[PDB]
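# Structural description and commentary
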Amino acid sequence: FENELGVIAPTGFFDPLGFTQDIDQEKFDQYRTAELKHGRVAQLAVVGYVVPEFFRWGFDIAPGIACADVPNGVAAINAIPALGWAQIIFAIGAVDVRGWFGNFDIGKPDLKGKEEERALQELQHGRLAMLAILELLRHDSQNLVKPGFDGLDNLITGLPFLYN
Amino acid sequence: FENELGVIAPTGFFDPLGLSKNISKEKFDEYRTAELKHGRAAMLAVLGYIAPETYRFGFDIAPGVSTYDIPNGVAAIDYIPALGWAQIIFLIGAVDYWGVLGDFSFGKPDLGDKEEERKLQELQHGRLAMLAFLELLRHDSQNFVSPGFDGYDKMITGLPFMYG
Amino acid sequence: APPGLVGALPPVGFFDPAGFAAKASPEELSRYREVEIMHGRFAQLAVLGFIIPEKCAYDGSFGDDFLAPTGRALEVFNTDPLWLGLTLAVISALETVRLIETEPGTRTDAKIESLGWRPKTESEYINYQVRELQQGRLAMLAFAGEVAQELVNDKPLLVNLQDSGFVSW
Ligand code: CLA
Ligand SMILES: CC(=O)O[C@H]1CC(C)(C)C(=C=C/C(C)=C/C=C/C(C)=C/C=C/C=C(C)/C=C/C=C(\C)C(=O)C[C@@]23O[C@]2(C)C[C@@H](O)CC3(C)C)[C@](C)(O)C1
Ligand SMILES: CC1=C(C#C/C(C)=C/C=C/C(C)=C/C=C/C=C(C)/C=C/C=C(C)/C=C/[C@@]23O[C@]2(C)C[C@@H](O)CC3(C)C)C(C)(C)C[C@H](O)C1
């Protein structure tokens, strides 16, 4: 499996701890599916952390609450009623397994020639977003359990313009 | 499909709306899988709506909440924090898709010359349990919105000795 | 330029400004590589050893006498000197076992094949050797820097970072 989309400089084939050693194409396909889905989720999650720092929807999630009062980070998993979170989870699942409001043919453009290049770019961005989402989670959760413990104030510490 | 498993004397082949005409055996397999899974879950429901009315486990589901105070039924949901609910949902999924913690071979017996009679018993029990859960949910929710509705203030009305 | 030594990496290439791996013998280059590997192994261990005891002093986790005056790991020479002496002695004994068993040319293969894990292919091995070497080089530099800095201004590593405004804790 040394020649399959994902081999890019600097590291030629990054399987240090021998995971692709004795596997059939089915297991590597499962691994690639997990990688691609994880990466997409991470990119969307990073964009989601950034954007509610300067824009919040105008509706009222949950009976009361309102979309403009909820905290932004690791919180907001404990400020939205559990029933709503479960319904969101199952809707994402419907889009995931059944693939429903998520297969519109206008979403598969004709990548004339550049198909492999764009697949490689998408995978690499997924990797970067997975690391970024880990960093954001660590900073927020640690500075929530003990306010401070990093010195760096603000949730998105890096883009100071958002004043947050 | 008028010979597949699932035909008993009261109402031999139940398909009034014609939902199983022209379908391929692959789908009818999926439909039967859904029926069995729903039936098992509904049995476990109609058994989990009754047990807490006289026996609460004792532990602490979340850092402050105790499974001695959270009301039973469609009310416990908004008590257990959403992160805990999620941490459950995903584990049940681990048992459901990747088949972990639920495939121990010494749980699958050899029904021998009964494997066509015990499966039917399981299916019919599931069919009854689904309707039982429907009724329990109706009573529980209708009274959780407007307390006193239907007059029977208790929960498991049909088992008065329990003192629901 | 090089003769097949697994080392040499993209950042630079074949780093040999002074011309040592041309004025040496076939056995001399082998000894040079062994020297490198061993120094690196020790260093890496020493860097981790500097980091963890010192941090345990910073966190008040070993009492209020662990590395008493300042917190420097170079202070064991004052508190518990005989412990350090006996530890160097035990290291010396196990390394005499090395010198006795291993033969010239090896001195790095501890025959720890089943007792541990290893990459299964061959290319990955070449990579793992290069890694071991690189981590060792960085650790050598780090150990020299730690010792020099601490001998300069008696102050632990994390505290030298906290003061002088280089961290945010
Ligand atoms: C009920 C809704 C639902 C359903 C039916 C599915 C169905 C599926 N997902 Mg999926 N997913 C969902 C919601 C759902 N997803 C949501 C909301 C997310 C977050 C964006 C994901 C993220 C996700 C990823 C990243 C992957 C899947 C994968 C899969 C496939 C099998 C693995 C699986 O689900 O077992 C679940 C088995 C587990 C062991 C669960 C792991 C639990 C993690 C490690 C920790 C949980 C943290 C905590 C509980 C949740 C906090 C986040 C939450 C508050 C948003 C299958 C098609 C995998 C796949 O395609 O193939 C491998 C895969 O890689 N999903
Ligand atoms: C036992 C058995 O049977 O099989 C074994 C076989 C074998 C091969 C032994 C095994 C292995 C592999 C092992 C043990 C690998 C270990 C690798 C290891 C331990 C590698 C350390 C690197 C540390 C570095 C580079 C330090 C950086 C530190 C740097 C660069 C610094 O800047 C330090 C710093 O101080 C400066 C200089 C200035 C200060 O102001 C600031 C700070 C403090 C930041 C296994 C897997 O265990 C199995
Ligand atoms: C246990 C518990 C909880 C729970 C729970 C859960 C998971 C409850 C689950 C409830 C569930 C799973 C309810 C399914 C019903 C499916 C039905 C009724 C199907 C009907 C289908 C019927 C009536 C008939 C269909 C057809 O006849 C038609 C119309 C024409 C024919 O041709 C074909 C057939 C015969 C098929 C809470 C709430 C999470 C918190 C609480 O604290 C603890």
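Above this text is the structure in question.
## A few points about the overall build of chain C
The number of helices and strands found in chain C is four helices and zero strands. Rg of the C-alpha trace for chain C: 20 Å, well past the compact-globule value of 15 Å for 169 residues, more than 25% over. With the C-alpha coordinates aligned to their principal axes, the bounding extent of chain C is approximately 50 × 40 × 35 Å. Summarising the internal contacts of chain C: among those between residues at least 6 apart in sequence, 64% fall at separations of at least 24.

## Brief notes about the overall build of chain B
Across its full length, chain B holds three helices and zero strands. For chain B, the N- to C-terminal ordering of α and β elements is α-α-α. Expected size for 164 residues packed as a compact globule is a radius of gyration near 15 Å; at 19 Å, chain B overshoots this value by more than 25%. Viewed in the frame of its principal axes, chain B has a C-alpha envelope of about 50 × 40 × 30 Å. Considering only residue pairs separated by 6 or more positions, chain B has 54% of its internal contacts joining residues 24 or more positions apart.

## Points about the arrangement of the chains
Looking at the two pairs of chains with contacts, the pair that accumulates the most is chains A and B. With respect to C-alpha atoms, chain B approaches chain C no nearer than 27 Å, and the pair has no contact.

## Observations concerning the packing of aromatic side chains
When the centroid spacing of 5.1 Å and the interplanar angle of 85 degrees are considered together, the rings of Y97 of chain B and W98 of chain B count as edge-to-face. Centroid distance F50 of chain C to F143 of chain C: 5.6 Å. Interplanar angle 80 degrees. Geometry classified as edge-to-face. Taken together, the residues span a long stretch of sequence, with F50 of chain C in helix 1 (residues 26-58) and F143 of chain C in helix 3 (residues 123-152) at a distance of 93 residues. Among the aromatic residues, ring-to-ring pairing joins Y55, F57 and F59 of chain B into one connected group. Positioned over the ring face of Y128 of chain C is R131 of chain C, at 5.0 Å from the centre of the ring.

## Structural notes on the pattern of salt bridges
Between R127 of chain A and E35 of chain A there is a salt bridge, and its shortest N-O distance comes to 2.3 Å. Of this pair, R127 of chain A sits in helix 3 (residues 115-145) while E35 of chain A is found in helix 1 (residues 25-50), placing the two residues 92 residues apart along the sequence. With a shortest N-O distance of 2.8 Å, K37 of chain B and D96 of chain B are connected by a salt bridge. Highlighted residues: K37 of chain B in helix 1 (residues 25-48) and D96 of chain B in helix 2 (residues 82-96), separated in sequence by 59 residues.

## Observations concerning the interface of chain A and chain C
Contacts between chain A and chain C engage nine residues on the former and eight residues on the latter. Its residues placed into classes, the side of chain A that touches chain C shows four nonpolar, three polar and two charged.

## Section: the packing of helix 1 of chain B against helix 3 (residues 118-145) of chain B
Residue and element names in this part refer to chain B. Viewed as axis vectors pointing N to C, helix 1 and helix 3 meet at an angle of 55 degrees, and their least axial separation amounts to 7 Å. In terms of orientation, helix 1 and helix 3 fall into the oblique class. With respect to the hand of their crossing, helix 1 and helix 3 are arranged in left-handed fashion. On helix 3, the residues touching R32, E35, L36, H38, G39, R40, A42, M43, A45 and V46 of helix 1 are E122, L123, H125, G126, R127, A129, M130, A132, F133 and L136.

## Focus on the interface of chain A and chain B
Contact residues are listed per partner, giving 10 residues for chain A and nine residues for chain B. The element that contributes the greatest number of residues to the side of chain A that touches chain B is helix 2 (residues 82-96) of chain A, accounting for six residues. Residues belonging to the side of chain A that touches chain B are distributed by class as follows: eight nonpolar, two polar and no charged.

Calculation criteria
Residues numbered from 1 in each chain as written, not as in the entry; some residues may be left out. Chains lettered and ligands numbered in written order. Heavy atoms only, no water. Residues with missing side-chain atoms left out of burial classes, pairs and counts. Helix = DSSP H or I, 4+ residues; strand = E, 2+ residues; numbered from the N terminus. Rg over C-alpha atoms; globule rule 2.2 N^0.38 Å. Contact = heavy atoms within 4.5 Å. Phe/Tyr/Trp six-rings, centres within 6.5 Å; stacked < 30°, edge-to-face > 60°. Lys NZ or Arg CZ within 6 Å of the ring centre and 35° of its normal. Salt bridge = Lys/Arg side-chain N within 4 Å of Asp/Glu carboxyl O. Nonpolar A, V, L, I, M, F, W, Y, C, P; charged D, E, K, R; others polar. Axes fitted to C-alpha atoms, helices over the stretch in contact; angles between N-to-C directions. Parallel < 35°, antiparallel > 145°, perpendicular 65-115°, else oblique. Left-handed = near helix turned anticlockwise from the far one by under 90°.

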